[PDB]
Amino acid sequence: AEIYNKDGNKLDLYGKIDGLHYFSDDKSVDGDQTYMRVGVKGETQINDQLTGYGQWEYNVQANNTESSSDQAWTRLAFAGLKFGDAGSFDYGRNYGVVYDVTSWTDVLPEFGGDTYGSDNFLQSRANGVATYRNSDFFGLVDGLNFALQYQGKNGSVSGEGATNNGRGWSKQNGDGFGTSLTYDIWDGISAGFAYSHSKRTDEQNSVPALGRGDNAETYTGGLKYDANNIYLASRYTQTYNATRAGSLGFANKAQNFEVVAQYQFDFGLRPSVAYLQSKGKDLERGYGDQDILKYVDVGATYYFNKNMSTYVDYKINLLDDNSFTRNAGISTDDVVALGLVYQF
């Protein structure tokens, strides 16, 4: 909600409160999943060719007790400058540019968006990203959106590989960069490409048993159709030393594919059907080729209005239980989600 707009400065206090329950035979996901999000988004006019901005987004779990630990975290926190019509720069915790394309399939009622994770190189939300964007390809092509992003090393907790803000191997990165390019081809049809290259860290190449290599790389292509009450999107990503092999490390190579179809009825119901897979290749310890993710998703959202909705989502999990999924901690069970959400 816009709660301040005065003398060239604007502030939005926004969020949602999501009354959410999961039903699954997997006891690590079954049960109450209630949470909320709260954030601020602000803008300050500097001059005719310059606007300042900042955004913070917080996640607050509400499915555990008042004595539980580690229930809140920051999703986004960045500050930036917009340079007229010709671009922007921001720095902080923000989305990696790969998500410029992979966001197109991250539209399921509840599930989806899970062939990658957060703090996973530049695939999703990430610490310390400096992001340059231009929406007219340097004045040459209207509608052609370019991004270039740099990320500094976020290393180990201690020792030779450390930085101030250290973390475990699954969420480490070396210095890296990303780029994306997206374009509306026809009315309502868009195409996009993204690439990332990051140095890996010494702990990534020594602590977990899976995944070895100097660099983490991703290649993504996507398509979207959004018109006439119909939403279709597909994307394909090939990764190298970048996709998590559950708790066991990284996949030397992975091939990640998502497709989604939705329809918006004018009375407020939006059914959704999707297919997702992540195919790991050349895994160590005799694993070879393994499925990391494989499910059909069917669900629907009912929008009461712009501030209130309810939804059901059903993850039909096609993974077989085997020594890889067991050892890596990957859920092979179906899940049903039921939600009622207030947004502000």
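Residue numbers run from 1 along the displayed sequence.
A.B. asks: With respect to the recorded C-alpha B factors, which stretch has the higher mean value, 284-292 or 39-47?
C.D. replies: Per the deposited B-factors, the answer is 284-292.
A.B. asks: Mean CA B-factor: is it higher for 19-27 or for 317-325?
C.D. replies: Mean C-alpha B-factor is greater for 317-325.
A.B. asks: Tell me, please, which of 66, 32, 70, 57 has the highest C-alpha B factor according to the deposited entry?
C.D. replies: That would be 70, according to the entry.
A.B. asks: Name the residue from 186, 95, 150, 78 with the greatest C-alpha temperature factor listed in the entry.
C.D. replies: Max CA B-factor in the entry, restricted to 186, 95, 150, 78: 186.
A.B. asks: Divide the modelled residues of the chain into thirds by Cα B-factor and specify which third, lowest, middle or highest, holds residue 89.
C.D. replies: Bottom third by C-alpha B-factor.
A.B. asks: Quick check on the deposited entry: does the C-alpha B-factor of residue 160 sit in the lowest, middle or highest third of its chain?
C.D. replies: For residue 160, the deposited C-alpha B-factor lands in the highest third.
A.B. asks: Lowest, middle or highest third: which one holds residue 177 when the chain's residues are ordered by CA B-factor from the entry?
C.D. replies: Tercile = middle for this residue's CA B-factor.
A.B. asks: By the record's CA B-factor, is residue 154 among the lowest, middle or highest third of residues in the chain?
C.D. replies: Its C-alpha B-factor belongs to the lowest third of this chain's values.
A.B. asks: Ranking every modelled residue in this chain by its Cα temperature factor as given in the entry, which third contains residue 129?
C.D. replies: CA B-factor rank for residue 129: lowest third.
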